[PDB]
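Below you'll find the structure, written out as structure tokens, and then a few comments.
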Amino acid sequence: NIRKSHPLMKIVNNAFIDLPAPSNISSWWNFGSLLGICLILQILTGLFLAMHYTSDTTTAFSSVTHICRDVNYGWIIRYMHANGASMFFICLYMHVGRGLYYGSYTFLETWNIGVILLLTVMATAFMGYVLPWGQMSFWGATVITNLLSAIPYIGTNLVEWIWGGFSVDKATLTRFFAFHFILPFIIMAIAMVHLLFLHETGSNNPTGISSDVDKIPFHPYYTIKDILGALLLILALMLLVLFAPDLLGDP
Amino acid sequence: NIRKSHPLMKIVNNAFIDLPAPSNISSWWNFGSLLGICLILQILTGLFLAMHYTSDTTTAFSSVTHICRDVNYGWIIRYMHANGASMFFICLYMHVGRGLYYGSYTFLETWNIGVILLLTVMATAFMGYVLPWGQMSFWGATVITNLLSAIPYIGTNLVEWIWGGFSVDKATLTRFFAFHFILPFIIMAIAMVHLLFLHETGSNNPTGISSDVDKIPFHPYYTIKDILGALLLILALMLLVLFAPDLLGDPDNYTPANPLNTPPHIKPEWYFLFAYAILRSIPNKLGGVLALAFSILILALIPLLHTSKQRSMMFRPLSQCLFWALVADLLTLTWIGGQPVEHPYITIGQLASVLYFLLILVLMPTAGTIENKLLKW
Amino acid sequence: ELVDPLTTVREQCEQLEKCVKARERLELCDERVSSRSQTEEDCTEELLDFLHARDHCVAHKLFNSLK
Amino acid sequence: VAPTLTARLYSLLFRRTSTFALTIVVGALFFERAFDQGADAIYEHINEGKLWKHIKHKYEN
Amino acid sequence: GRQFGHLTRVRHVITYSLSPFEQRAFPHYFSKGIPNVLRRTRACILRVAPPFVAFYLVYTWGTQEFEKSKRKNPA
Amino acid sequence: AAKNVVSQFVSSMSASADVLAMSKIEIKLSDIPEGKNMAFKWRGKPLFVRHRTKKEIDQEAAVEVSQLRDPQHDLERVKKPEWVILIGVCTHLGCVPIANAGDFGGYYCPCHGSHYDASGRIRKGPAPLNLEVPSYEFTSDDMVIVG
Amino acid sequence: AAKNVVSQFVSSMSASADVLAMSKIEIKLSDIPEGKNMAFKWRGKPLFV
Amino acid sequence: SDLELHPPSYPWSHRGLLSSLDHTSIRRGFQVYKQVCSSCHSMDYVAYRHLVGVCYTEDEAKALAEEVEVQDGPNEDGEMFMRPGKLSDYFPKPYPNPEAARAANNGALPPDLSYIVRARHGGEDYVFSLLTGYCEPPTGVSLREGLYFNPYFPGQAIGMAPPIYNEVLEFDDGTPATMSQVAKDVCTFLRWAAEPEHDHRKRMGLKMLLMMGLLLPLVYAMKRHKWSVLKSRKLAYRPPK
Amino acid sequence: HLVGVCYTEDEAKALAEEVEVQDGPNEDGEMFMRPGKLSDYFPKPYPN
Ligand SMILES: CCCCCCCCCCCCCCCC(=O)OC[C@H](COP(=O)(O)OCCN)OC(=O)CCCCCCCCCCCCCCC
Ligand SMILES: CCCCCCCCCCCCCCCCCC(=O)OC[C@H](COP(=O)(O)OCCN)OC(=O)CCCCCCCCCCCCC
Ligand code: HEC
Ligand code: HEM
Ligand code: HEM
Ligand code: HEM
Ligand code: HEM
Ligand SMILES: C[C@@]1(c2ccc(Oc3ccccc3)nc2)OC(=O)N(Nc2ccccc2)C1=O
Ligand code: FES
Ligand SMILES: [Cl-]
């Protein structure tokens, strides 16, 4: 009963313990928690990469090599962060595809807040790829940023304003690092409003039929199912990190 | 009515619009919102400073000069961020002093969450001061980080583990930048739990008497009062930024860091001088470091030392005098903290340090008991 | 050849009643320790407090002759 | 001007919120031009010799 | 978070209020305000002032003493 | 598993391979006459190398060792009494003492008032230990290797 | 006031004084025979001559 | 020799709260730095382009940059070479590193001057007093060869010989190059070097005070307007008996 | 980086000492050459 009355634990209880959930949500409903696991994985690995990263164009490339060569287990943190970003997009597209198939988009506020989460994670990962300052990093920044030049009558101003110059240069990389640092924390906050609107209605299920006639508590049924799915996420991540860390990157 | 039913606006309505608030909260209740304004000011200015900052020891000093010389209005953003940090500590100490005088600490969860907010803002500002890599930046990092060496049997390991080496160096500055970036966002989250626990009870007021018989809605009364106070905060900030941007800083910080030579006249920022004075009044290494920590952590004990049967000091003259003896004593330690360790400042700082802990632990609780007996209860 | 304004303002400030006592007490110290055989005392103090009065008077009037 | 000045400003511009906002945005436009003009003329009068635009005539080229 | 209508119990209390467009925002600002500031100052001066006066005297003595000690004395 | 991840993230903060790759220092002893404290750089922090006079060697030799905070005789710190080598970090909180200053004619720390002597031993002030003495040997009469 | 702050933070992102301080390029025309596209560097991006 | 002498307060024309730098004095002060100070002191953070529109025209500042040779390269052969300065170059350093500087100055290191006014207590008051404050040592003070007595320098023994004196340079506008004149101009220039935003910040400060003088009483009036409902409310208690 | 992979510490030290690398400044402000040590990166064949 004390889980229910404490001002802080009542939020945790009504979201992860006593939350009524459908009895029949399939494995496709696991990607919601895996997206949060991915977001927490990227914040931890990313934070430990910023302790040994420099946004100077003349040392940004070398600071990443310094991580993968001299920092104690810096390489494993580095490739978890890179492959974790790819795992993030695997979960995003399955999360979206789940909602399209099963009609979960009829939660308009939750869905529309979802579209915002997709775009910010896309913006976050794009800037992240610019930081190591390789060839694809630079020309990736060149092509995508130049897309704003297509906006009539203000495009070049928006592009040059974003670049901090007449081209992608040192001023562009330093600010992309600041954006890449802070944007994940805004995403975590928006992910809470995502869940806030969801709990108003509770989850959909594979049949698309209301499940109020058959609900089960989130604990212990979906705590352990989410724990099992996380172990499979770690398996998918560690296979890349520990057996093929360059398979998804570009030489 | 739509302000009340929307899942998101209902939180905003029950916190800033229809929130029942006491009709008589004074200007000392304005510092809560000003602390949030300060936190939002530092995040914005700080974020725009990270767009033109490099954590390389060989260019960290020059990247800050590049901001104040070549970046369009980079200097004004820079000095808002520096002076905003000092304004942050002005509001913290008034917010704390408000709660001590008026007995607001009896909200234990809100108070204890408050003590956590004070320590994280202290940790945030300490690391921020290390980033420009001046002389005081480096030797500030040297002295404060070495405090962990006082911890027996693990101290040097904690120090060298934090430094990333046998001394403060490039590895220490790069990580202090990562911590300084992220720690304000954790503070903002903890500030929400601070407000969450507060709204359970609502605000205290100057009389210390329950105000449920006379409540007014937060809007429009305290929205406009908070707006007015913010304009006065901006006035206090812009006077420093636009007329005296170096008054609260140290000139030695405009010389790049040099590990080989320490300046002779070490003077921290003004908001650390009272606690710096407490530490050096104890010559024992571990003893002085524990007294430093206890001079702040003692706030967590203030709720347990409340003896008066009345909550606020408004009706407690004997406690009022001891309260102001604590402010003047803290003003003395701040003064002693800014002077070198020599006669007579050594003995004055020792007497003031004893008076600081003597007031909180002994005199003020005994005054509250004398007052109860004087009122015959 | 060329008259520095600092020269004509310096000696003007020295006739003031406040600092003529400081120059007197400095010339005293010049004669006190010059007489001892082997000592280590010096007149740094008596010189600085003399310059503190003179240089204080120089600043108020000096800048009115410069461009 | 038999009706009060403030009275006529209210009936015409402040009663509706739309025109109350239009008078503000149009006011900030004309206030910005006059405030910066007068503020800069004061900062320049105190410093009449000192500024560069007061010495740019010497350096014709 | 508490809400109006659930705060407490009140009986037999009448409140008269006037619209803000019907009254002055600065009624007798100086003719009545200055006397009130003097009343409040007198009521609290003896509690607040003596501590900081005690600080001022300790501040000046400690600075004077520190200055004289740094000046040398004849042998 | 959880131990291994938390351990690896812990070692990430520990000093990297390049930081641990500190090389020794060649010190030219002909540049240090008597009464001088030449300040070098080693590991980032100062490395004081000092040549002592006979008026200092016998001063520190005769000393009540039982009364010291960190009892250690001057003879068991330096292989050769003429040469003394110290790390220029204060043991209190890491400041750099000013050489040939303080009451004891040794080193004084301006930060909080730690006094040392010609042997580098702590005698007064808040510091709890003698100045660090690195491991060194005199390969010849002109070069000294520190490490 | 709000315009001035938002404007100044906007110009902060605009190219700094040092970036705008781009200097011209001396090109030696004797190094470019017919049928050749010599690639130089100007403003950071290539300058084909 | 741990006694201190603090500098007096000279009435600089930029001392006041709203008072800008004197840009004619800046111009003369740059000439002092170039001709006298630049042979021992670097200024790593000021470039010729920073002069443009402050004390020289673009054409003037370009010609000034072209009066010195600076290193550039590599060329197509991998060699470094010398060219005339341009507006984008920082002021040349006199020495490649501090060790050469100490060796050329009897072991003392002339600091960078970009920030000297802000990195020393007393700013231009200190620098003005130091340059113009040399005198013979007091009785009982005997300085080692190489060092010069100056009572404003900490310790009173400075490794810089007096660098300025009457007619050390000729000013472009004919101003008499007296020691105090040369000191005043070079200090004014060094203030600008350390705080180029000085004039602009003072202009903003004036606008901030005027707007606050408007907004503070108006926002205060909005607070009292709303609160007047409560401040004039009257209460009465009528319980049944 | 070679130590404990394909050479001993003594072997890798001797290997570093087979080349001369630039160091300095000394007390006169001049650069000079010394034998390599374990902390030096492999010499570049060209300056640029
Ligand atoms: C993405 C954007 C994020 C912005 C975050 C800002 C955080 C709030 C910081 C508050 C700063 C106070 C104003 C600085 C004034 C300045 O510095 O302006 C300098 C300008 C002159 O400038 P000029 O001489 O170049 O001539 C300009 C070219 N025509 O006149 C001023 O003084 C105006 C200020 C008046 C006095 C202050 C009144 C405060 C009102 C509060 C409004 C705050 C808006 C909040 C925006 C988020
Ligand atoms: C921590 C390191 C700090 C270092 C900095 C130290 C510098 C201190 C400099 C002095 C600051 C002085 C602030 C101004 C105080 C004014 C006091 C005043 O106006 O009078 C007392 C006032 C009386 O009001 P009552 O509410 O009792 O009754 C009103 C009925 N008309 O009652 C009040 O208004 C009292 C309200 C509480 C005042 C808060 C001041 C706290 C100062 C910092 C405390 C730090 C604690 C760690
Ligand atoms: C070489 C011939 C120099 C000339 C020309 C100038 N300066 Fe100098 N300066 C020089 C040295 C060797 C030193 C180091 C002194 C020491 O003992 O460390 C200095 C130092 C200064 C300082 C710093 C003083 C301080 O408080 O630390 C200043 C402010 C300074 N010098 C000013 C200055 C100016 C304005 C000059 C041109 C008019 C100038 N110096 C010329 C060597 C030389
Ligand atoms: C950072 C990105 C995201 C995170 C962390 C996240 C998290 C979650 C979580 C935890 C749930 C509840 C559990 C579940 O259904 O698995 C959920 C549900 C949902 N999400 Fe997301 N989500 C994200 C992005 C998105 C996006 C991009 C969309 C669509 C464009 C979206 C649409 C939905 C919908 C419709 C549901 C309800 C599903 C149902 O009830 O069946 N989400 N999300
Ligand atoms: C949604 C969250 C995040 C995603 C999807 C993401 C994604 C990425 C990607 C794809 C890269 C490129 C890696 C490479 O090319 O090697 C990267 C790099 C980087 N990221 Fe993140 N990131 C996230 C959050 C963070 C956070 C919170 C931080 C810091 C606190 C951070 C710090 C870094 C750093 C320093 C790099 C450069 C080092 C490197 O290239 O490996 N990231 N990120
Ligand atoms: C980032 C730091 C902080 C922020 C943003 C913050 C914010 C706030 C806000 C908005 C309120 C309600 C409005 C008000 O009373 O002014 C409040 C109340 C309060 N705070 Fe804080 N606070 C912070 C730190 C602290 C600390 C360090 C303490 C104590 C050690 C503390 C103790 C209290 C108490 C006791 C109250 C209730 C006051 C009353 O009801 O009279 N706070 N805080
Ligand atoms: C509670 C919030 C914060 C406080 C109290 C604070 C305080 C400080 C302080 C005292 C300094 C030293 C300034 C100086 O010596 O010049 C500083 C520097 C700095 N801060 Fe913060 N800070 C906060 C938040 C942030 C945030 C959120 C960021 C970035 C997103 C940031 C970025 C920086 C940077 C880049 C510097 C170095 C530039 C400089 O020295 O001015 N800060 N901060
Ligand atoms: C900004 C600053 C700082 C910030 C925050 C900070 O927290 C506290 C504030 C109050 C109480 C407890 C902690 N205490 C110092 O960081 C820093 O290096 N110094 N100066 C410095 C120089 C030498 C030794 C010690 C400090 C500071 O004053
Ligand atoms: S740091 Fe040396 S005495 Fe404290
Ligand atoms: Cl700086």
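Residues are named by chain letter and number: chains run A, B, ... in the order of the structure tokens, numbers start at 1 in each chain, and ligands are numbered from 1 in the order shown.
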Find the residues around residue 229 (chain A) up to 10 Å (only C-alpha atoms counted), leave out those fewer than 6 positions away in its own chain, and share them as an mmCIF file with N, CA, C and O atoms, in the first residue's frame.
data_model
loop_
_atom_site.group_PDB
_atom_site.id
_atom_site.type_symbol
_atom_site.label_atom_id
_atom_site.label_comp_id
_atom_site.auth_asym_id
_atom_site.auth_seq_id
_atom_site.Cartn_x
_atom_site.Cartn_y
_atom_site.Cartn_z
ATOM 1 N N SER A 27 5.255 -9.739 -29.056
ATOM 2 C CA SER A 27 6.628 -9.270 -28.989
ATOM 3 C C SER A 27 6.800 -7.919 -29.664
ATOM 4 O O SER A 27 7.765 -7.210 -29.370
ATOM 5 N N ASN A 30 7.283 -5.019 -27.410
ATOM 6 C CA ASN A 30 8.493 -4.923 -26.607
ATOM 7 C C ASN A 30 9.374 -3.758 -27.014
ATOM 8 O O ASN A 30 10.210 -3.326 -26.214
ATOM 9 N N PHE A 31 9.213 -3.245 -28.234
ATOM 10 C CA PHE A 31 10.142 -2.232 -28.721
ATOM 11 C C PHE A 31 9.970 -0.887 -28.022
ATOM 12 O O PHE A 31 10.879 -0.050 -28.092
ATOM 13 N N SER A 33 9.845 -0.354 -24.664
ATOM 14 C CA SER A 33 10.841 -0.343 -23.601
ATOM 15 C C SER A 33 12.249 -0.450 -24.168
ATOM 16 O O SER A 33 13.187 0.118 -23.596
ATOM 17 N N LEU A 34 12.425 -1.158 -25.286
ATOM 18 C CA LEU A 34 13.761 -1.250 -25.868
ATOM 19 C C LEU A 34 14.223 0.098 -26.403
ATOM 20 O O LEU A 34 15.424 0.377 -26.407
ATOM 21 N N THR A 223 7.051 -6.936 -16.800
ATOM 22 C CA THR A 223 8.400 -6.652 -16.330
ATOM 23 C C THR A 223 9.355 -7.747 -16.786
ATOM 24 O O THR A 223 10.417 -7.458 -17.348
ATOM 25 N N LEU A 235 22.013 -8.898 -26.856
ATOM 26 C CA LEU A 235 22.592 -9.903 -27.741
ATOM 27 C C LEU A 235 22.797 -9.331 -29.139
ATOM 28 O O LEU A 235 23.861 -9.507 -29.745
#
Inset, instruction - Give me the residues within 10 Å of residue 4 (chain C) as a list in words, counting only C-alpha atoms and dropping any in the same chain fewer than 5 places off. - result: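 Final neighbour list, sorted by chain and number: residues 9, 65 and 66 of chain C; 165, 166, 176, 177, 178, 179, 180 and 181 of chain H.
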Inset, instruction - Kindly provide, as a PyMOL selection string, all nucleotide and amino acid residues lying within 12 Å of ligand 10, counting only C-alpha atoms and all ligand atoms. - result: (chain B and resi 53+59-69+75+78-79+82+129-137+246+249-257) or (chain H and resi 45+114-116+118-119+194-195)
Legend entry - Close residues, region 31-46 of chain E itself excluded, 10 Å, only C-alpha atoms, min 3 positions apart in chain, as JSON, numbers by chain: {"B": [317, 320, 321], "E": [26, 27, 28, 49, 50, 51]}
Inset, instruction - Enumerate as a list in words the residues belonging to chain G that approach chain B to within 8 Å, with only C-alpha atoms taken into account. - result: residues 8, 9, 11, 12, 13, 14, 15, 16, 17 and 18 of chain G
Output file for the selection above: N, CA, C and O atoms, as a PDB file, in the first residue's frame:
ATOM      1  N   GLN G   8      20.739  38.937 -30.888  1.00  0.00           N
ATOM      2  CA  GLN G   8      22.143  38.753 -30.545  1.00  0.00           C
ATOM      3  C   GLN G   8      22.504  37.275 -30.449  1.00  0.00           C
ATOM      4  O   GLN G   8      23.570  36.861 -30.921  1.00  0.00           O
ATOM      5  N   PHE G   9      21.632  36.461 -29.849  1.00  0.00           N
ATOM      6  CA  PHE G   9      21.854  35.018 -29.856  1.00  0.00           C
ATOM      7  C   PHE G   9      21.813  34.451 -31.273  1.00  0.00           C
ATOM      8  O   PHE G   9      22.487  33.456 -31.565  1.00  0.00           O
ATOM      9  N   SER G  11      22.842  36.141 -34.078  1.00  0.00           N
ATOM     10  CA  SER G  11      24.114  36.502 -34.701  1.00  0.00           C
ATOM     11  C   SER G  11      25.278  35.711 -34.120  1.00  0.00           C
ATOM     12  O   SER G  11      26.293  35.531 -34.800  1.00  0.00           O
ATOM     13  N   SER G  12      25.155  35.244 -32.873  1.00  0.00           N
ATOM     14  CA  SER G  12      26.180  34.381 -32.289  1.00  0.00           C
ATOM     15  C   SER G  12      26.473  33.183 -33.183  1.00  0.00           C
ATOM     16  O   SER G  12      27.628  32.772 -33.330  1.00  0.00           O
ATOM     17  N   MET G  13      25.434  32.611 -33.789  1.00  0.00           N
ATOM     18  CA  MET G  13      25.613  31.472 -34.679  1.00  0.00           C
ATOM     19  C   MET G  13      26.150  31.892 -36.039  1.00  0.00           C
ATOM     20  O   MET G  13      26.842  31.104 -36.695  1.00  0.00           O
ATOM     21  N   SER G  14      25.839  33.108 -36.479  1.00  0.00           N
ATOM     22  CA  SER G  14      26.405  33.608 -37.719  1.00  0.00           C
ATOM     23  C   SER G  14      27.927  33.627 -37.621  1.00  0.00           C
ATOM     24  O   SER G  14      28.513  33.660 -36.532  1.00  0.00           O
ATOM     25  N   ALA G  15      28.563  33.594 -38.789  1.00  0.00           N
ATOM     26  CA  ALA G  15      30.007  33.429 -38.868  1.00  0.00           C
ATOM     27  C   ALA G  15      30.731  34.528 -38.103  1.00  0.00           C
ATOM     28  O   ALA G  15      30.397  35.711 -38.210  1.00  0.00           O
ATOM     29  N   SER G  16      31.730  34.121 -37.325  1.00  0.00           N
ATOM     30  CA  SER G  16      32.455  35.034 -36.457  1.00  0.00           C
ATOM     31  C   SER G  16      33.296  35.999 -37.292  1.00  0.00           C
ATOM     32  O   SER G  16      33.336  35.934 -38.524  1.00  0.00           O
ATOM     33  N   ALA G  17      33.971  36.922 -36.601  1.00  0.00           N
ATOM     34  CA  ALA G  17      34.807  37.900 -37.288  1.00  0.00           C
ATOM     35  C   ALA G  17      35.962  37.227 -38.020  1.00  0.00           C
ATOM     36  O   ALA G  17      36.324  37.638 -39.129  1.00  0.00           O
ATOM     37  N   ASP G  18      36.563  36.199 -37.413  1.00  0.00           N
ATOM     38  CA  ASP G  18      37.705  35.540 -38.043  1.00  0.00           C
ATOM     39  C   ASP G  18      37.283  34.759 -39.284  1.00  0.00           C
ATOM     40  O   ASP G  18      38.030  34.700 -40.267  1.00  0.00           O
TER      41      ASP G  18
END
Legend entry - Shell of 6 Å around ligand 6 (only C-alpha atoms and all ligand atoms), written as a ChimeraX atom specification: /B:29-33,35-36,96,99,104-105,110-111,114-115,117-118,191,203-205
Legend entry - residue 45 (chain D) surroundings by only C-alpha atoms, 12 Å radius, close-in-sequence under 4 positions cut, as an MDAnalysis selection string: (chainID D and resid 38:41 49:51 54) or (chainID H and resid 18:20 203)
Please, could you write that set of residues out with C-alpha atoms as a short mmCIF file (atom, residue, chain, number, x, y, z; two decimals), in the first residue's frame?
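Listing of part20.cif after writing:
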data_model
loop_
_atom_site.label_atom_id
_atom_site.label_comp_id
_atom_site.auth_asym_id
_atom_site.auth_seq_id
_atom_site.Cartn_x
_atom_site.Cartn_y
_atom_site.Cartn_z
CA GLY D 38 17.85 58.98 -29.24
CA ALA D 39 19.95 56.58 -27.19
CA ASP D 40 22.82 56.65 -29.70
CA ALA D 41 22.64 60.45 -29.92
CA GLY D 49 35.57 63.69 -29.73
CA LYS D 50 36.36 60.12 -28.71
CA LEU D 51 34.49 57.96 -31.25
CA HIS D 54 34.01 61.62 -35.15
CA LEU H 18 29.18 55.72 -19.62
CA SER H 19 32.60 56.89 -20.91
CA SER H 20 34.11 55.39 -24.08
CA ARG H 203 26.34 52.00 -25.09
#
Inset, instruction - Kindly work out which residues sit at most 6 Å from ligand 5, using only C-alpha atoms and all ligand atoms, and give the list as number ranges by chain. - result: A: 39, 42-43, 46-47, 49-50, 53, 64, 78, 82, 85, 121, 124-125, 128-129, 131-132, 180-181, 184
Inset, instruction - Around ligand 2, at most 9 Å away and counting only C-alpha atoms and all ligand atoms, which residues are there? Put them as a PyMOL selection string, please. - result: (chain B and resi 26-28+89-90+92-102+205-207+270-275+296+299+312-317+320+323-324+326-334) or (chain E and resi 39-41+43-45+47-48+52)
